[PDB]
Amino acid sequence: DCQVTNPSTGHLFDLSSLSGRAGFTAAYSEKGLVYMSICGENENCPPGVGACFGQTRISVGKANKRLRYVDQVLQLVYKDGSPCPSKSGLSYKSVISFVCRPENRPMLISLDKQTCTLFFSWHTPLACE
């Protein structure tokens, strides 16, 4: 269960092929990484957590299957992560954006320290048309 349709074309986008507890990794810092699963928890993270830092297993967002379609982009937003070290009261959240790739792994493109939001991009043919 990982899909969404284009509101004006009826086209159905299905990312179920990327789902699974095994998940993937995104390069974080020098040699560190972030473990993440699509539309579900990751086996390398705490129960119910969809993305986490590899060194600590600390959560950067609880998994969910709420895939949204926004201006040709497919997006997932994992919220309710662990406490933000850069701002009191906030929790980590992860934004995963799928963009069409005419023709491998997600990329952490930005870490907003003021809102503790990790922005990832994933160019895949699964998001085309």
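One-based numbering along the sequence shown.
Among other deposited entries of this protein with both flanking residues present, at least a third omit coordinates for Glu103. According to the PDB entry, the deposited sequence runs on from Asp71 to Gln72 with no residue lacking coordinates between them. For the pair 7-15 and 21-29, the mean B factor over Cα atoms is greater in 7-15. For the pair 45-53 and 86-94, the mean Cα B-factor is higher in 86-94. The entry lists a Cα temperature factor for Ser37 that places it in the lowest third of the chain's modelled residues. Per the deposited record, the Cα B-factor of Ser110 falls in the middle third when ranked against the other modelled residues of its chain. Split the chain's modelled residues into thirds by C-alpha temperature factor. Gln75 is in the lowest one. Sort the modelled residues of the chain by CA B factor and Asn64 lands in the middle third.
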